[PDB]
Structure formats: structure tokens, C-alpha cells
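Before any questions on how it binds or moves, here is one chain, the form deposited in one PDB entry, in C-alpha cells.
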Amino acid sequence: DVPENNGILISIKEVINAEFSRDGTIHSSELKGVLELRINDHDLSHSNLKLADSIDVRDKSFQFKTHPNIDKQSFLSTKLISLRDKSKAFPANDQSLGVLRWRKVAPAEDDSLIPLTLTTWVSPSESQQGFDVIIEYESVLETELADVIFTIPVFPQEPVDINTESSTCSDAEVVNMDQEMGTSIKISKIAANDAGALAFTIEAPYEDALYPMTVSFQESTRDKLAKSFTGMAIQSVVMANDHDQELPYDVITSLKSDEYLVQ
């Protein structure tokens, strides 16, 4: 599952946690991120990274931390990732080096770190001993999400009946009823910037038994002009001596969910 490197590969990896109320209010969110650098050719070992000048490297809310061998100074003044010791070069063993980390915490009702909103509507059902559930979602991502997995923490006896007419992605399917994990429903696609819903009926003792519901999703692009969800990105890669001398590179921009849930 490790992506292919043609010389310099820069991975920008962000992970998002979030907690919503049943009615859709954001209680909290926390985003962690890291910039990893992989190089496999000694010709390119002796290089520097220029972050997009779109980025405020002094924003206190991002809590930016640089690897202890990176030059804090050049980073802070020039948005430049380079080694303190200008005589040394980066490892050329194709191994991931984390050169920069960041973390952002948003308080209740701040929706700036939320790629996917969530709300639930829940009534007792006719057809089963339990509940009719609708989960409304809305993406604000510019790419589309694939194989999104909603998990309810119950193990019912009768199987789940997905209301395919009242849902948006009609071919949603259950993919797991364990006892340990509970019941997990998968969705093919969530379209960029589009709202949707997932509707179904499920067996359960009482309403609180359905929560917390967890969502799980993931997204990746290899585009060289890619921005992260928080606007993180590379301007250029550049010779450690001749700063006008550009070098070639690829960049992967990921965003995975971790503890993303409705409670």
C-alpha cells in the first residue's frame, strides 16, 4: 500500500476528529497534520522546500512544530523548510521523514475543520422492534469521497432494512454485524460539495442505544497543485544553494477521519 516515488515525494497527511450532537451542532473538532518527505536519489538530497506563500506560518492556532534539525528561523521568516546545518543533506534512502507537524483545535460551533457535516433524525418504526433512522450528511470537499462507512453500535437479530427510496446512494449495503463493533453500513460515493442522506430501519432497545454513531472516510490526490483541507501546500522544491534552481517532485495530499462521530 506504499505509493511510488520517482525521486522526491512529498506527503501531506491530515487527520480529522469531530463530535456532533444528534441535532447536528458541532461540539468539538481537532485536526492533526504532518508533512513527510521521501527522497530516493542523491542528486536531490541537497534541497529545500518552499511552502505556498498562501500559508501563514505564524498562525498560533496551527501550533506548527518543525523537526529539531530543521531551521526554525528560515521556516518562520521565509516559509522555507531546510536543515540548520547547511553542509548536510536529507536522507536519500526513500524513507519518510516528518519535517513539520501541526495541530488545530476548534471549539464548539466552529465548523472550519469540518469536511463532512452530520445530523440524525430518529423515530420509532412500524416494521421492526426499533427505529427508523436518517443520517443527513453534506460534504464541502472539492473531491468526492468513496466507500464511506457509518457504524451504529448495536447488534440486531432481524437484519437491517435499508430504505432505498428515502436514501441518496440507493445501493448502500451493510458490510458488518459483529457484536464487538456493531452494525456498519457502506456508501459508494459522496459527491463533492453535495448533500445526501442515508435512511434505514434497525432493531434496538431504546434511542440512546444507537449512539454514538461513527463515520469513517478517507481521501487522497496526487495532483502537484493539490492543497490540503487546511490550505497546506508546496510552492516549489529547490536546490539548497541556487534558490532559483527548481527541482522535480510529486505530492500526495491525504485526509483520513479518526474519531468522527455523532453522540
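So that there is no doubt, residue numbering starts at 1 and follows the sequence shown.
Another form exists, solved in complex with a partner chain; not displayed. Remarks below refer to it.
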Checklist line | Partner-facing stretch of 190-198, 232-240, 219-227, 60-68, counted where any non-hydrogen atom is within 4.5 angstroms of the partner chain in the bound PDB entry | finding: 60-68
Next item on the list: Examine residue 97 and determine whether its closest non-hydrogen atom to the partner chain in the bound PDB entry is within 4.5 angstroms.
Entry: yes
Next item on the list: Find out whether any non-hydrogen atom of residue 150 is located within 4.5 angstroms of the partner chain in the bound PDB entry, and reply yes or no.
Entry: no
Check: Hey, in the bound PDB entry, is residue 46 touching the partner chain, heavy atoms inside 4.5 Å?
Finding: yes
Margin query: Even though the partner isn't displayed, in the bound PDB entry is residue 146 close enough to the partner chain, meaning a heavy atom within 4.5 Å?
Written below: no
Notebook entry, point to check: Thinking of 34, 85 and 88 as the candidate spot, does the partner chain come within 4.5 Å of a heavy atom on all of them in the bound PDB entry?
Noted result: yes
Checklist line | Listed residue (80, 141, 114, 92) with a non-hydrogen atom within 4.5 angstroms of the partner chain in the bound PDB entry | finding: 92
